[PDB]
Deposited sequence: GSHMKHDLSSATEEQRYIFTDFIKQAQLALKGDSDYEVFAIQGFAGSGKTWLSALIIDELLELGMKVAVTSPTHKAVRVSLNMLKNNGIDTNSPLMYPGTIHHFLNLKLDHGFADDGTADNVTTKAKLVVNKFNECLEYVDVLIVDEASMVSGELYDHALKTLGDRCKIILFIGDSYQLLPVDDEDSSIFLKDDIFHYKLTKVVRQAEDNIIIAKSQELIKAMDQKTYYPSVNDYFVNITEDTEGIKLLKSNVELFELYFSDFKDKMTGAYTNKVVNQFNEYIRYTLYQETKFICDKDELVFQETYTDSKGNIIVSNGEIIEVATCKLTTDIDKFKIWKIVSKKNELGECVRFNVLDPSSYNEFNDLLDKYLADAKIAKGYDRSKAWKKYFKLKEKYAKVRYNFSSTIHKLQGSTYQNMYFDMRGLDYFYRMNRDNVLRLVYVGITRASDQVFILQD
């Protein structure tokens, strides 16, 4: 009576029944696999299926960790579970970030790595012990995170369930870390557009892009996939110029977001929108929403803000740090854990001085000998990761928009044809993710 499995597709019912059976088998160490993954495109009922699985796991009395990439995604997931009647306050459910469940911090190996690696945080005894570990965004599961999750099998969880989209966009460092190309994972696949989404203009467009992707047959230009939409059609609209875009954007009162492929165009959108709204010359102000471009750690390497987190500034003060640089002291608004996060951001006026000192620290480090090597390398890394790297939240690259949903999306597609000829499938994935960020209307600006 609560959830009607009869109105689910054949695939959804099979995946639900199969995984619940595997989870129960795992309680007795008799499961056929330990790592599972659900694949689904936009409009495939993936999120609803995950809530059905979570609710039944709790009903059976199992402890379930529901992990998300950021605190913002945790709150979104909790609201989604609440929308399905799930008691998110149940003592058997453990919502939180994937970094928090895995008890991870950053470390360069001082006891030396050019990129700090994720390692377990010693002196932490308040560890989470569950039966089912669910990771809800597969697009952010790096090789390091994946290896850490699997290391908890048999210790703090008994089976792992990944959830994501096979038509995702992976970072430039880790293309081969795709969980969906892994052969030791049992893969559940949702390959049908579920009801209530069978008549969505954007979903229908996204299926056309998927169709061209799985047969390797492509149009001469990425713009040919929108020859029918023109500026007649609803759901999706092709705009003629930047003027028409911002004329609609600044009049738009719905939940919206803009995006492009390259960082330079995304930066231009962010700076233009912010100044048009507030005419603010200060790098940080009381009304900013900041999206972290990388994980922010303290001096010891403990994760203070996870990568991709979206924070609203409560207070911000421009002062001077370590007798050298102009910085912004920021206090975030309260999160779902009742924690107000504090972080510092370097002011652009000190960028040149900072980079000049970092270059000197780096040069000093690789000339140092004896015991001075580690101390010099510790000095370079300490300054290198001292300050948080943030951007505004009016625009974003399509890569960083995965896992976020809006009502309206303003998608700048100019220049994509250049990259389309270099890698057709990659740009088709880019367009697919871009238009599916919106549930109501997509505004596209072409060449």
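In this chain the deposited sequence has gaps in the coordinates at 1 to 3, 115 to 121, listed in sequence order.
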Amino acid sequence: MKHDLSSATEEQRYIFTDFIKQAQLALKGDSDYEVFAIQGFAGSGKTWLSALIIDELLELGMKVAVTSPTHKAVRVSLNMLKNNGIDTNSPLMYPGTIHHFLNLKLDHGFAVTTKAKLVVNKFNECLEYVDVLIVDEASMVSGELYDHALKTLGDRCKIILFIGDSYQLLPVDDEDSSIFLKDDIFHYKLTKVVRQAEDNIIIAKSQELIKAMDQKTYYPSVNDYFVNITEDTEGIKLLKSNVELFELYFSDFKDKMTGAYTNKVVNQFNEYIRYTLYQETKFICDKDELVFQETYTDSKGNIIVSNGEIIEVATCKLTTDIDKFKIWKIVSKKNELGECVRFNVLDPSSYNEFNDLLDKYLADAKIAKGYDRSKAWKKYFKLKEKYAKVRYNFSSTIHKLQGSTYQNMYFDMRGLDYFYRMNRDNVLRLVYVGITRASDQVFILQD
From here on, numbers count along this sequence of modelled residues.
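In this entry, 401 to 409 shows the higher mean Cα temperature factor of the pair 401 to 409 and 59 to 67. The stretch 177 to 185 shows the higher mean C-alpha B-factor when 144 to 152 is compared against 177 to 185 in the entry. As recorded in the entry, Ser299 carries the highest CA temperature factor of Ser206, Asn344, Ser299, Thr281.
The entry lists C-alpha B-factors for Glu336, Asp136, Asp165, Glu294, and the highest of these is at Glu336.
In the deposited entry, the Cα temperature factor of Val313 places it in the middle third of its chain's modelled residues. Annotation for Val132: CA B-factor lies in the lowest third of the chain's modelled residues. Residue-level temperature factors show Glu353 in the middle third of its chain, judged at the C-alpha atom. Per the deposited record, the Cα B-factor of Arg391 falls in the lowest third when ranked against the other modelled residues of its chain. Placement of the Cα temperature factor of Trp377 within the chain: highest third of the modelled residues, per the deposited record.
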